Structure formats: structure tokens, C-alpha cells
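Q: Can you read through this structure? Questions will come right after.
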Amino acid sequence: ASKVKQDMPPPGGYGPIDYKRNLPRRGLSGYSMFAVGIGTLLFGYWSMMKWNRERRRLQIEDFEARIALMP
Amino acid sequence: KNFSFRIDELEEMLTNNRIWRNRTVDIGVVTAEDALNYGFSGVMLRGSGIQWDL
């Protein structure tokens with residue numbers, strides 16, 4: 001009466017299975033990376049230029065006050 | 001159908017790492033004739049260029 005019933009794949013088979021290596025390239029050129037590094041270095045250099053000159057002026061002002069108080 | 005992503009993550013961790021490459025590249029080099037004579041089989045043969053798979 002009852003037909004055979006055992007573990008079999010479904011009709012038409014299973015869905016395709018991926019096996020190829022998948023290592024995508026994120027994407028950024030070495031020239032671009034070096035340019036970003038140089039640009040951030042230059043920006044830091046300029047900002048610290050300005051801040052260090054201001055610090056020199058502040059130190060000179062403190063020295064002026066000390067000179068005034070010295071006698 | 002999900003294992004290939006796990007292999008890909010393993011490769012992300014290992015295949016292009018400079019420390020892993022420096023640890024494994026040019027280590028334990030065996031010639032094809034030496035591998036055949038010493039009785040090697042499997043990958044130990046196929047790593048030396050021998051085209052053999054049972």
C-alpha cells in the first residue's frame with residue numbers, strides 16, 4: 001500500500017552552494033593613502049606653528065612682568 | 001551553503017597577514033624527489049608540485 005519513504009533530496013535538487021574564495025578589495029590607492037597622511041601632517045604642522053608662536057608671545061609677556069617686578 | 005563565508009573569514013585572518021606569511025613562507029621546503037623518496041603523501045606531495053590524488 002504505502003510507497004517507500006526515505007531521506008531524499010527535494011525534486012529539482014538543492015540550491016547552488018558557494019565555494020569560491022571571496023576576498024573583496026575594499027578600495028583605496030596607495031597614492032591616496034600617502035596623500036591623506038601628508039595632508040594631515042601639514043595641517044598639524046600649521047596648527048602647531050600658530051600655537052607655538054602664540055606660546056612664545058605669552059612667555060615673553062610673563063618675562064616682561066617678571067622684569068618689571070624684579071627691582 | 002554557509003561554510004564558504006567561514007573559510008573566507010579564516011583567510012581574512014591568515015592568508016594575507018604579513019606575520020603569518022613570514023612564519024610559514026620558505027619554511028620546511030621539500031623537493032619533489034625527496035618527498036617521493038621519503039614516503040610522503042597527500043598535501044606533502046602536492047605542496048611540492050606533484051600532481052597526485054588517489
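Q: Which residues, counting only those in the stretch B:12-54, are under 13 Å from the mean Cα position of the chain (by Cα) and within 14 Å of chain A (Cβ to nearest Cβ)?
A: If the condition is that a residue be under 13 Å from the mean Cα position of the chain (by Cα) and within 14 Å of chain A (Cβ to nearest Cβ), then B:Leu14, B:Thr15 are the ones that fit.
Q: Here is a further query. Would you pick out the residues in the stretch A:3-29 that are of a type in the set (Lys, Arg) and away from chain B (no Cβ under 14 Å)? Walk me through how you get there before you give the answer.
A: The initial filter retains those residues of the stretch A:3-29 that are of a type in the set (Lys, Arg), namely A:3, A:5, A:20-21, A:25-26.
Of everything in the stretch A:3-29, those that are of a type in the set (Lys, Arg) and away from chain B (no Cβ under 14 Å) turn out to be A:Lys3, A:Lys5.
Q: Further question on the same structure: Among the numbered criteria (1) of a type in the set (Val, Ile, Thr); (2) exposed (fewer than 10 other Cβ atoms within 10 Å of the Cβ); (3) assigned to a helix (DSSP H, G or I), which one does B:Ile7 miss?
A: (2)
Q: Inside the stretch B:15-54, can you point out the residues that are exposed (fewer than 13 other Cβ atoms within 10 Å of the Cβ) and outside any loop (DSSP other than H, G, I, E, B)?
A: B:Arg18, B:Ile19, B:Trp20, B:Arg21, B:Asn22, B:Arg23, B:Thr24, B:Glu33, B:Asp34, B:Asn37, B:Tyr38, B:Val43
Counting neighbours? That spans all protein chains shown, and the Cβs are built from the backbone with ideal geometry, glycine included. Read-outs: derived from the displayed coordinates by stated rules, not from any lab.
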